[PDB]
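*Asks:* Got a structure for you, questions after.
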Ligand SMILES: Cc1nn(-c2ccc(Cl)cc2)c2sc(C(=O)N3CCCCC3)cc12
Ligand SMILES: [Mg+2]
Ligand SMILES: [Zn+2]
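In the entry's author numbering, the protein residues as written are 457 to 770.
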């Protein structure tokens, strides 16, 4: 039984190829959507179906019921990566194709809905184990834990060598989702691209480009149709405000972004974020990988919808 091609209904079969695809509210379809993407992106031969299924279900089990950093976010970020891989077929190694979809599914494993900042101020044990990229080193750790469960080793056929390469791709990919690291990473990529020194044969260059891809997938809620973007924003701020509440409980005025008393300032907050983070991210990404331009175009569409919100045209 290896003639077992997963297939989706027609509207999903078609719209899954597009950057702006929303995976829907039917939680029980998300595993199938992921397997579909791995099979098309990687091959039906990349992974042992029974092992992959058991891995996916343990990954699912280890996401929490938080408003935003949940299992739906995991599968959403994996679909953005699938769209990028599918639009840039010949640029990526076999090991990269395998590693990056798994990295994406695992990148926020066991997230509690709190920032690295909050962990450090609370004095969480994870803050003493991991001084920087606190939640991200934890996510990678939880990824290795699950790969080491009996019957969960989806990489079992790789050589000793290929196995260490793939786990090194996953680790770098996951650390890159720490937005604090994004700014420097993109500045370097921008300067490399413009002085023409960017070289996809330099592993250290590839590493930077995969990190940017990871930021791009991770922020991909800004690249959706406006109603998806707007409703996802509600989940994002549900977390931010809970953390604000927890800051207040520690005796700390949170930043306004996290203060639920300053709801009125959200639209302006989203402008800043689109201008300082999202637009620059998708701009540099489009410079390096031209077929990713639809993510930049959709982001720009959403910036303009937030400007309309401010001007009371909605
Ligand atoms: C405002 C705001 N909205 N979002 C947001 C919106 C959409 C998606 Cl799809 C995801 C996030 C975020 S994430 C973030 C942040 O952590 N920093 C810390 C590091 C430097 C930049 C600011 C700030 C904001
Ligand atoms: Mg994260
Ligand atoms: Zn994430």
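Heads up, the beta-carbon is just placed ideally off N, CA and C, and yes, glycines get one too.
(1) In whole angstroms, what separates the C-alpha of residue 678 from that of residue 572?
(2) Considering only the beta carbon of each residue, do residue 561 and residue 668 sit closer than 8 Å?
(3) Whose CA, out of 489, 459, 483 and 458, lies closest to the CA of residue 771?
(4) Would you identify the three-state DSSP class for residue 651, choosing helix, strand or coil?
(5) State the start and end residues of the unbroken alpha helix (DSSP H) segment that holds residue 524.
(6) Under 7 Å: does the beta carbon of residue 633 sit that close to some heavy atom of ligand 2?
(7) Using a 10 Å radius around the Cβ and a threshold of 16 neighbouring Cβ atoms, would you call residue 545 buried or exposed?
(8) Which class does residue 563 belong to by DSSP, given the choice of helix, strand or coil?
(9) Using only the heavy atoms of ligand 1, determine whether one of them is closer than 7 Å to the beta carbon of residue 559.
(10) Rounded to a whole number of angstroms, what is the C-alpha to C-alpha distance between residue 640 and residue 458?
(11) Can you name, in chain order, every residue of its own chain whose Cβ lies under 6 Å from the Cβ of residue 526, other than the five neighbours on each side?
(12) Using only the heavy atoms of ligand 1, determine whether one of them is closer than 7 Å to the beta carbon of residue 600.
(13) Give me, in chain order, the residues of the same chain whose beta-carbon lies closer than 6 Å to that of residue 756; leave out the 5 immediate sequence neighbours on both sides.
(14) Are there 16 or more other CB atoms within 10 angstroms of the CB of residue 708, so buried, or fewer, so exposed?
(15) Given a cut-off of 8 Å on the beta-carbon distance, is the pair residue 632 and residue 670 in contact?
(16) Count the other CB atoms, across all protein chains shown, that sit within 10 Å of the CB of residue 613; report buried if there are 16 or more and exposed otherwise.
(17) Within a Cβ cutoff of 8 Å, which residues of the same chain sit near residue 649, ignoring the five residues on either side of it in sequence?
(18) Within 7 Å: the Cβ of residue 535 and any heavy atom of ligand 3?
*Replies:* Let me spell this out:
(1) Rounded to the nearest angstrom, the gap between the Cα atoms of residue 678 and residue 572 is 22 Å.
(2) no
(3) Any question about residue 771 goes unanswered here, given that the chain covers just 457 to 770.
(4) Reduced to three states, the DSSP call for residue 651 is coil.
(5) Taken as a continuous stretch (DSSP letters only), residue 524 belongs to no alpha helix (DSSP H), as it is neither H nor E.
(6) It does: the Cβ of residue 633 is within 7 Å (strictly closer) of some heavy atom of ligand 2.
(7) exposed
(8) coil
(9) The answer is no for residue 559.
(10) 44 Å
(11) Same-chain partners within the cutoff: 519.
(12) no
(13) none
(14) exposed
(15) Yes, the pair counts as a contact, with Cβ atoms nearer than the cut-off.
(16) exposed
(17) 740, 743 and 744
(18) no
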